[PDB]
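Structural features, examined
The chain contents come next:
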Amino acid sequence: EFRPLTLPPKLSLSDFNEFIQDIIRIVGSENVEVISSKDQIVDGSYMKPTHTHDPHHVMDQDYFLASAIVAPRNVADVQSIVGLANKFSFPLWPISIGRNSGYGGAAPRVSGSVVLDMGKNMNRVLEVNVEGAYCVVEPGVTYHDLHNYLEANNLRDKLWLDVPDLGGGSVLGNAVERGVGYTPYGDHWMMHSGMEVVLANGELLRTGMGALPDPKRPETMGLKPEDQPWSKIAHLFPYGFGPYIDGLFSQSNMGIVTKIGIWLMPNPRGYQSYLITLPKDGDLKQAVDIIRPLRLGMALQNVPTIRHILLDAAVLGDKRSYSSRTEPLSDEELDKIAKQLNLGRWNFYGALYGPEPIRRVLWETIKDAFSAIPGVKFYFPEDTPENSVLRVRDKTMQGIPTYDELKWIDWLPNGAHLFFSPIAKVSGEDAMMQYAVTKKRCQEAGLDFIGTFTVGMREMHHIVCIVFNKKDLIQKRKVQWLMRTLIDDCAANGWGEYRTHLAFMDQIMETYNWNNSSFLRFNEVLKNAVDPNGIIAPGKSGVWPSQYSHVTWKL
Amino acid sequence: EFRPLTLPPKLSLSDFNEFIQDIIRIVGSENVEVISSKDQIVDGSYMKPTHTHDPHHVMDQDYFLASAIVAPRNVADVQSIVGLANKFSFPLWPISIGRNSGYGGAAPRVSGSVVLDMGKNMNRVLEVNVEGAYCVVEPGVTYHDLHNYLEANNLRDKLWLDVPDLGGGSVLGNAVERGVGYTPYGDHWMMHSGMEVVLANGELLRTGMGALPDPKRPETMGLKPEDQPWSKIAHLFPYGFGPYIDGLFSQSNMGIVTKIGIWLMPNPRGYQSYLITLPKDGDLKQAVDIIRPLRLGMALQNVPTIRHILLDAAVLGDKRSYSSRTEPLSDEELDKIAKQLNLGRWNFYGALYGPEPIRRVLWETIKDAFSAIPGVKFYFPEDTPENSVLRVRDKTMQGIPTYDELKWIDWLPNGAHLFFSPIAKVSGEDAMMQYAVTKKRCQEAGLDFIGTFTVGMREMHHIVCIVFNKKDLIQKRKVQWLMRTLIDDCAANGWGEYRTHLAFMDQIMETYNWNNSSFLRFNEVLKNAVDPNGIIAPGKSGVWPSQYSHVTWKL
Amino acid sequence: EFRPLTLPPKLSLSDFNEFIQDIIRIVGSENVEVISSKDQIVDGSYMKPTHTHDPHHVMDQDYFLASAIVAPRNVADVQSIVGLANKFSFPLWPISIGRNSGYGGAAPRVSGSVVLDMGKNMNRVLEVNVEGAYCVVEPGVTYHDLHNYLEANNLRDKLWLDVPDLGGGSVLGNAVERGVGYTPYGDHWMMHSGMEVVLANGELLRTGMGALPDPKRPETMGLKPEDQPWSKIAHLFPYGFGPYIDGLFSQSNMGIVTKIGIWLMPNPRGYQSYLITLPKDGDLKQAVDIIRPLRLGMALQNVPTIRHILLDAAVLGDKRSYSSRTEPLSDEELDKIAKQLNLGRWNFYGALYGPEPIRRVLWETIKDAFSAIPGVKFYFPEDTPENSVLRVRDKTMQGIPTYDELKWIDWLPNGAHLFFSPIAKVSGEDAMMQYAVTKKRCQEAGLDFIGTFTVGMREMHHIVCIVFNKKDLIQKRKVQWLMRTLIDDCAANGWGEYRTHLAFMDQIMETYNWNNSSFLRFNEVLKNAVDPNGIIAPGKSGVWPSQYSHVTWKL
Ligand SMILES: *Cc1cc2c(cc1C)[n+](Cc1ccc(O)cc1)c1c(=O)[nH]c(=O)nc-1n2C[C@H](O)[C@H](O)[C@H](O)COP(=O)([O-])OP(=O)(O)OC[C@H]1O[C@@H](n2cnc3c(N)ncnc32)[C@H](O)[C@@H]1O
Ligand SMILES: *Cc1cc2c(cc1C)[n+](Cc1ccc(O)cc1)c1c(=O)[nH]c(=O)nc-1n2C[C@H](O)[C@H](O)[C@H](O)COP(=O)([O-])OP(=O)(O)OC[C@H]1O[C@@H](n2cnc3c(N)ncnc32)[C@H](O)[C@@H]1O
Ligand SMILES: *Cc1cc2c(cc1C)[n+](Cc1ccc(O)cc1)c1c(=O)[nH]c(=O)nc-1n2C[C@H](O)[C@H](O)[C@H](O)COP(=O)([O-])OP(=O)(O)OC[C@H]1O[C@@H](n2cnc3c(N)ncnc32)[C@H](O)[C@@H]1O
């Protein structure tokens, strides 16, 4: 409790101690973990994450690190700490889950900060409404939970989730992060309606229609604002009236979110998952010119994703279990692998939704569509092996949370994922053009290119999956080089990343430099006005309170 | 030029004069119209709007009024004036079109303000890209234009708009206002990607991916930031990286928008409009419980709208041309009218989109769906008269801009529309429950209830259409009473309005009072930080720069 | 001493401790009670009140609560603490008595505050002057005391008090609260002349003529300002010269009052109390049209009060001792009760004052007046039973303090009074019109309407007496609902409450919203200027120092 390994800025030890003390004096000694010595070395697991730092560590492991961690027990709690963080100018690092792995996990941008483990005690499914087809959750509600909640309330037969590759993340955190999932409810952020947050001054706020208060009633009298129910329309319409501010709340540091309204997808009455294996590495090109109008025409239902063989392969076994060769794999061993598995070089998964008479037609147009690609082959989970990736993806394209993809995090003995994610047009050319670049460097990096193009409706997210050995300093540096390098090129070409690890937020935000950082600047102004003190997650999205030296702080 | 009828606050005449002078000294005498005497009495037309005030005037006609008007010729212009408005603390009232009729039109919230007729000279279709299925426009681009643009470039066969009941409004303004249209691209605001605005400090900003700058090239050298092209992804992905600020830009006074990226809907390959007449006033109830899961299942394509007989009737002829009776019409004369027209009490229009094999099925489920409603009857524009509303709605549900609905603005000799628009759940009950309230007051008001429920996907917008005689002070007051009254009740019931005339922004913003105006307050803080001086449209969405007395200002 | 259960805002534990320490270091350990654990559960009694909170608790019992309590021993003391409250920004909650029960008692608006038990040691009758017919008192002087003081100085034969229903309250506190009593000296606040208060800066002030200092004299040399006598005219004329500021001192948080000049009523030379029972519930109507011109003509002497049967009945026995029926009593059981007691539905008490030749005439006009009401019946305490309410009221209408009315606080097993008190015109219509509303809700509330119209000379105070069970959370919520509900309606009708419990000060102050809170705003400005720090009773009368989030604070 007395002497963490790292103080936040300008902070005195006594102050830390007092601050930390009052905090124990509220959330309970149970709710706080002070980080006193390096024996923190304990990185974690995906099963039970470390909140102190970056598990997959690229910089010094100990580089981005908490001074201590706090489990607020309830909103009022969050409110009080904000007060203290304000009294002492101790800044906070709020997190729901811990899982922002491949992005930094629980590690705070600024070291010596306070990690606000929000999900610990705030695990509630506040509500699930069928007629509205939505749910309301706390940070702590992981996807699996949100799911089991449905199962145990026999709702599955009426409403469905939308999960990301992994089952464990916070439904809530992922949404503010603007994460991605598979069904037609894939765009997480967009699926929200009505949120709540403890702004910096410690004041509570609820968005959109969340502002229009539920009328009064004998049963609702005297409940803290926090515990008050919401208005009817709160979660069925996100806008409200006048300035639509929710966005200041995603991937920013404008506030601490306590709750959120997530739309649920009504069981559609028909579902069919599949694969369309692509034979040549260059097929990736025509496939896109293909996938393009189908998605826009909505012939393409959920989010199409087109996987690189190894992703699947890695999902399948370690790199070693395929070729004990320190260098990266030859254009040739892939094909060999591509065949060993019955996959392509490129591997397109999707799903059809609803009444079969329409699923049937759609498939015709698609199946019929991808036919111009030679050696193309179509499948249904049944037409494939038991360890089959497509197997998992079927649960996936239907809200069922897996955990199997993690295994690809295993390719290299010390696995640590990291993802580069320039966004590119749905153009086979551009897709190809992008890729070339990406791969080339992975090469240069001593790296196996590994990645996928998830298809947005009018844009495409290229996720370069960089595993790397968390213990080989030589490689990690190679990775940092690679990273920052790719960032530069991408932008050189006009492609921005849309999400990133802690260590690159800056470089990333700077790419977005039109008219002289005009945007960053605007932002700063707003962060200032609202977080006069910088307590809330300074450095996020590379945004810094004036209290922070851009000089001492950026990277 | 010398002596407008109204000065903005704390402004001296000399100052006005100097301010106004320098302004002529840039935009040209052509670009400015000084409002010197009441002979402004000239209200307008929909064909060529008055910018000085509120055409359909509820308060004193002259109540909300410009001191003068200015047509910025180009962005730099807008930038300079901002400077002047800042030099003199003269505030501005930016408008694209002029058409915000039923909301106030060109009338500025604060009188003596400067009306910034943005659309006058900034009429450009900057771009339309087919592969992206989007366009980029200036305030001045009205819908008809955006349309004729397609026609004259033979694009109609590939891309389609999404219009509101009327053809003339600014595509751009309507979007920031969060307006509504008919096709599946009905949600205007949501269809935007990449915008540009002159913030208050006069600095330019482009959102999302608009921040990621187009790489350099010999042909783009030396163009003002304003004239620079955009990045590839600029208009195909709205988010960018870090804080998603676009929303601060809709229905707010955070900035002056110069341009915007609007998604275009690719010609779908099949379209079928229709009507399903509802016989009993109470049918409105079951219809909704009906429409509800179809929209969520997406069986329901574009935005369903369920019209009250009179809307159609009024679209059809004046109230007099149906019953010279100063009082409002009897539950009975309607039915009589409902029959005279072949319509119902309630009248549901929609459209099917794409390949007939799917249109066909959909219609079955729908046609098949509404069958539980007795006396229900289905139609295609062909199955109806030539003056038929459905005729117009077919052009409408397909991006073709009409002008015919205006005629309903004619019901009462001096027609002036005004709309009340509580938002309610897609629940027949609630729908009914809402309505009751609404109508009851229209009664009390000496008013014909006239309205419609446009169906949002998970919420429903009830548009009460209040015509009223712009010259009968007795009635107008009745209307104000009605208004403010309805506002109170609605909220009493938990329904917020989402858009409103100038004269009620306040009352409206106040309904949104959860946790003590927590939201309004937050907003104010942001407006402050960014418009330290209050020049930009103070009072909008009922948000006021501290420079403004809430005491002297609210209503 | 070390760890109260609640800190005031932004306060650190060490600070509390230091603050609390210095305070012990002056007023004595005897004078302070630190609130360390929930074992505070001890609500109290009317005989010896709890200062920590709200005895009759509507919100969480523990909702509004002290951090500790302090008994300043003398003014200098009050002055020093003010200093400390200022040094630490610890705010204060000053109280004389503790009895503000049905309003909150000793509970501070803001929890974690310091309760300033002023009356503990400042119990003095500083003076009673016969020729002036006034007295001067400290907070601690309860009414009984002020009375016994007269008895033991044989003054009763020359001067008389004016008590409220209860004997125990602070004569002083009740006056600043603008309380009410029975004789012609019923308007407490108005009976004051010359007061003294420790303003926020810790500086002492004496009002009106209190400012004109008593000339110097050998015997008065060197006495603290506090102990200095007053000028002659100090207590016989309230105004002084220039701005009449006393009012900033009643029901506000502009200062801590240490003393006050209260006018005494000279024994009048004749007194006769009585009752005029009203038979029908609707008699209440004509009675008022009756009582109206008599009061204005002054035929009506003291404050007439017209009681609802149950008040008397409850004064008489518990509800159970009349009808074991969880629901509220039938219009019928009342009449039955009304008869069981010899009372009416409505029950008008009063008194005649002075020389019999005039009392005699008055009574004629009155007796003669109420004769138009059928079944009307007149009485003198003698014409009634021993447990008779009128018995008590005779002592009452003559300054003699009872304690018997408390028993009505007993109707329901866990008794807790609360009072709603819209003010209405002296119009039988309005009176009736008001009542209807009030009762209707009590209904809805599962509540027995219980109340009375005390007649002001040109306005009438309707005191709805809500008992309710302090342990039944279901009911309490019902009460809050009821409350806030009634508040809304009343105002809907144009009736304001004039006094209220802690938990509604806000809702109440907001009703008073003419011209946009113009008044509240003005007030705030003044509180600001004078209590730059907010230490003095923030939130009172719903007025909050800018140091206080209206967002975090209101209700
Ligand atoms: C390891 C991994 C990650 C991954 C994968 C697959 C694997 C094997 N899939 C594949 C993928 C990856 C990236 C992209 O772009 C697409 C696909 C994912 C997937 O399919 N879709 C995704 O969107 N992400 C995937 N990820 C990444 C990762 O698994 C997810 O992003 C997790 O959901 C993140 O973890 P979680 O524990 O939910 O978040 P947490 O550690 O709590 O941090 C959230 C961040 O947001 C802010 N924040 C969080 N909570 C709050 C609160 N309460 N208030 C305010 N802000 C909050 C913080 O800044 C925090 O840093
Ligand atoms: C008369 C009428 C109106 C109408 C109708 C039908 C009729 C007969 N239909 C039916 C309807 C009405 C309301 C609702 O809610 C639904 C349906 C409409 C329709 O089908 N859908 C609509 O969304 N609106 C309809 N309306 C209302 C009206 O016709 C439209 O809202 C117009 O599009 C508004 O006029 P326009 O000329 O485009 O706007 P303008 O006068 O320029 O003002 C825009 C406001 O927004 C801000 N703003 C505008 N330009 C800028 C710029 N450049 N920068 C910054 N802010 C800007 C301003 O605050 C301005 O006040
Ligand atoms: C329980 C009850 C209450 C009651 C009753 C009858 C019963 C059974 N009678 C009937 C009645 C009730 C309400 C109304 O409107 C009319 C009639 C009362 C009566 O006949 N007349 C009344 O005026 N009130 C009656 N009340 C209510 C209650 O009994 C009285 O209001 C008491 O006199 C209040 O208690 P007391 O102990 O005197 O006050 P205290 O707890 O010290 O608080 C006073 C408040 O004023 C401010 N304040 C107090 N002291 C100071 C000092 N020294 N400086 C500055 N401000 C001070 C504080 O804000 C404090 O909260």
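Residues numbered from 1 in each chain as written, not as in the entry; some residues may be left out. Chains lettered and ligands numbered in written order. Part of a larger assembly, values for the part shown. Heavy atoms only, no water. Residues with missing side-chain atoms left out of burial classes, pairs and counts.

1. Side note on the state of the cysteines
Residue and element names in this part refer to chain C. Applying the stated criterion across every chain yields a total of zero disulfides over all chains. Free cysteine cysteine 442: the closest other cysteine sulfur is in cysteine 465, separated by 10 Å. With a relative accessible area of 2%, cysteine 442 lands in the buried category. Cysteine 442 supplies the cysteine sulfur nearest to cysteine 490, a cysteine that is in no disulfide, at a spacing of 10 Å. Here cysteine 490 falls in the buried class, since its relative accessible area comes to 1%. (Disulfide = S-S within 2.5 Å. Buried < 20%, exposed > 50% of the residue type's maximum accessible area, 1.4 Å probe, protein only.)

2. Quick word on the environment of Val115(C)
As for its position among the elements, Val115(C) is in strand β4 (residues 114-117). In sequence terms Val115(C) and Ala537(C) are 422 residues apart; their C-alpha atoms lie 9.5 Å from each other. (Helix = DSSP H or I, 4+ residues; strand = E, 2+ residues; numbered from the N terminus.)

3. So, unusual backbone geometry
Despite not being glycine, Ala133(A) shows a phi value in the positive range, around 65°. Here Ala133(A) is to be found in the loop between β5 (125-129) and β6 (134-137). For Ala133(A), a relative accessible area of 1% translates into the label buried. Despite not being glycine, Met298(C) has its phi angle at roughly 75°, a positive value. Relative to the helices and strands, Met298(C) resides in the loop between α5 (283-297) and β13 (305-308).

4. Overview of helix α6 (residues 309-316) of chain B
Residues and elements named next belong to chain B. A large share of α6 lies buried, amounting to seven of its eight residues. Looking at α6, one finds that the buried residues are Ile309, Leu310, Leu311, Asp312, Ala313, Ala314 and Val315. On its buried side, α6 packs onto β13 (305-308), α7 (331-341), β14 (346-353), α9 (389-396) and β18 (451-455). (Contact = heavy atoms within 4.5 Å.)

5. A short note on the relation of the copies chain B and chain A
Rotating chain B by 180° and translating it 0.1 Å along the rotation axis places it on chain A, where the RMSD comes to 0.0 Å. On the angle and the small slide along the axis, the relation comes out as a two-fold axis. Mapped onto chain A, 100% of the interface residues of chain B are again interface residues, and the two copies thus contact each other with one and the same surface. (Least-squares fit on C-alpha atoms.)

6. A word on the domain arrangement of chain A
Often, the extent of an interface is quoted as the loss of accessible area upon association of its parts. All names here are of chain A. For chain A, the domain assignment lists domain 1 (1-123), domain 2 (124-146 + 160-210 + 230-266), domain 3 (271-501) and domain 4 (502-555). For the pair domain 1 and domain 2, the summed buried area comes to about 1,400 Å², and 67% of that belongs to carbon and sulfur atoms. Its largest share of buried area at the contact with domain 2, domain 1 owes to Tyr46, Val75 and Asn123, together 30% of the area lost on that side. Seen at the junction of domain 1 and domain 2, the total is zero salt bridges. Residue contributions to the side of domain 1 that touches domain 2 peak at five residues, all from helix α2 (residues 75-88). Classifying every residue of the side of domain 1 that touches domain 2 gives nine nonpolar, five polar and one charged. (Domains from an automatic or database assignment. Buried area = accessible area lost by both parts, 1.4 Å probe. Salt bridge = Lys/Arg side-chain N within 4 Å of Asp/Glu carboxyl O. Nonpolar A, V, L, I, M, F, W, Y, C, P; charged D, E, K, R; others polar.)

7. Some details on the site of ligand 3
Residue and element names in this part refer to chain C. Around ligand 3 lies a shell of 30 residues, among which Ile97, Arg99, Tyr182, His417 and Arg499 are the nearest. Measuring from an oxygen atom of ligand 3, one finds a backbone N or O atom of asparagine 100 at 2.9 Å. In the model, an oxygen atom of ligand 3 is placed 3.3 Å from a nitrogen or oxygen of the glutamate 177 side chain. When the free accessible area of ligand 3 is taken as 1,100 Å², the share hidden by the protein chains comes to 96%. Elements with a contribution of two residues or more to the shell around ligand 3: β3 (92-95) and β10 (256-263). (Near = heavy atom within 4 Å. Polar contact = N/O pair within 3.5 Å; in protein donor to acceptor, adjacent residues only side chain to side chain. Areas by Shrake-Rupley, 256 points an atom, 1.4 Å probe, with all protein chains shown as cover.)

8. Examining the relation of the copies chain C and chain B
Once chain C is rotated about the relating axis by 178° and shifted along it by 0.3 Å, it coincides with chain B to within an RMSD of 0.0 Å. A shared interface surface links the copies, since 70% of the contact residues of chain C are contact residues in chain B too.

9. Some remarks on the site of ligand 1
Residue and element names in this part refer to chain A. The full set close to ligand 1 counts 30 residues, and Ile97, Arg99, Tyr182, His417 and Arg499 are the nearest of them. The separation between an oxygen atom of ligand 1 and a polar side-chain atom of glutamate 177 is 3.3 Å. One of the backbone N or O atoms of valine 180 is found 2.7 Å from an oxygen atom in ligand 1. In isolation ligand 1 offers 1,100 Å² of accessible surface; the protein chains occlude 96% of this area. Among the secondary structure elements, those contributing two or more residues to the shell around ligand 1 are β3 (92-95) and β10 (256-263). Broken down by element, the residue count for the shell around ligand 1 peaks at three residues, all from β3. Here the residues of the shell around ligand 1 sort into 16 nonpolar, nine polar and five charged.

10. Quick notes on the packing of helix α5 (residues 283-297) of chain A against helix α10 (residues 428-444) of chain A
All names here are of chain A. Between α5 and α10, whose axes approach to 7 Å, the crossing angle comes to 145°. Every pair of crossing elements has a handedness; the one defined by α5 and α10 is right-handed. For the pair formed by α5 and α10, the contact residues are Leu284, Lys285, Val288 and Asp289 on the first element and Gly428, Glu429, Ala431, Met432 and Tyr435 on the second. Tallied by class, the residues present in the contact of α5 with α10 amount to five nonpolar, one polar and three charged. (Axes fitted to C-alpha atoms, helices over the stretch in contact; angles between N-to-C directions. Left-handed = near helix turned anticlockwise from the far one by under 90°.)

11. Some thoughts on helix α9 (residues 389-396) of chain A
Residue and element names in this part refer to chain A. Of all eight residues in α9, six are buried, a share of seventy percent or more. Where the residues of α9 are buried, they touch β12 (271-278), β13 (305-308), α6 (309-316), β14 (346-353) and β15 (377-379). Where α9 begins, the capping side chain belongs to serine 388, and its oxygen is found 3.0 Å from the backbone nitrogen of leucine 390.

12. What to know about the interface of chain B and chain A
Tallying the contact residues gives 83 residues for chain B and 85 residues for chain A. Buried surface at the junction of chain B and chain A, both sides included, amounts to about 7,300 Å², of which 70% is carbon and sulfur. Of all residues in chain B, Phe241(B), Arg458(B) and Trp514(B) give up the largest surface area on contact with chain A, accounting jointly for 15% of the area buried on that side. Here chain B is connected to chain A by two salt bridges. The salt bridge involving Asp430(A) is made with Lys232(B); its shortest N-O contact spans 3.5 Å.

13. Some points on the packing of aromatic side chains
Working definition: an aromatic ring pair is given by the centre-to-centre distance plus the angle between the planes. Throughout the structure, instances matching the rule amount to 73 aromatic pairs over all chains. Between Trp160(B) and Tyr271(B) the ring centres are 6.2 Å apart and the planes differ by 90°, which places this aromatic pair in the edge-to-face class. Taken together, the residues span a long stretch of sequence, with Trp160(B) in strand β7 (residues 159-160) and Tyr271(B) in strand β12 (residues 271-278) at a distance of 111 residues. In terms of burial, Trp160(B) and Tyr271(B) fall into one category: buried. One aromatic cluster in this structure is built from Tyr274(A), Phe348(A), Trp363(A), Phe370(A), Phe378(A) and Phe380(A). (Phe/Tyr/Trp six-rings, centres within 6.5 Å; stacked < 30°, edge-to-face > 60°.)

14. Observations regarding the sheet that holds strand β1 (residues 32-34) of chain C
Residues and elements named next belong to chain C. Taking strand neighbours across the sheet as the criterion, the four strands line up as β1-β2-β4-β3 in an open arrangement whose pairing is mixed. Edge positions in the open sheet fall to β1 and β3, since each of these has one partner strand only. Shown here is a sheet whose adjacent strand axes are inclined to one another by a mean of 20°, direction ignored. Across three bridges, the pairing between strand β2 (residues 68-70) and β4 is parallel. Of the residues in β4, the one forming a bridge with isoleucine 69 is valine 115. (Pairing = 2+ DSSP bridges.)

15. A look at the pattern of salt bridges
All chains considered together, the criterion is met by 87 salt bridges over all chains. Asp331(B) is paired through a salt bridge with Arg345(B); the nearest N and O atoms lie 2.3 Å apart. With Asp331(B) in helix α7 and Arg345(B) in the loop between α7 and β14, the pair connects residues that are 14 residues apart, well separated along the chain. Where salt bridges share partners, they join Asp165(A), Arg307(A), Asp312(A), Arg393(A) and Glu405(A) into one cluster.

16. Details of the pairing of strand β8 (residues 192-198) of chain C
Residues and elements named next belong to chain C. Of all seven residues in β8, seven are buried; the element is thus mostly enclosed. Bridge analysis of β8 against strand β9 (residues 204-206) gives three bridges, and the strand direction is antiparallel. Each residue of the ladder has a partner; that of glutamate 196, found in β9, is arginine 206. Hairpin connection of β8 to β9: five residues between the antiparallel strands, including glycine 202 at a positive phi of 90°.

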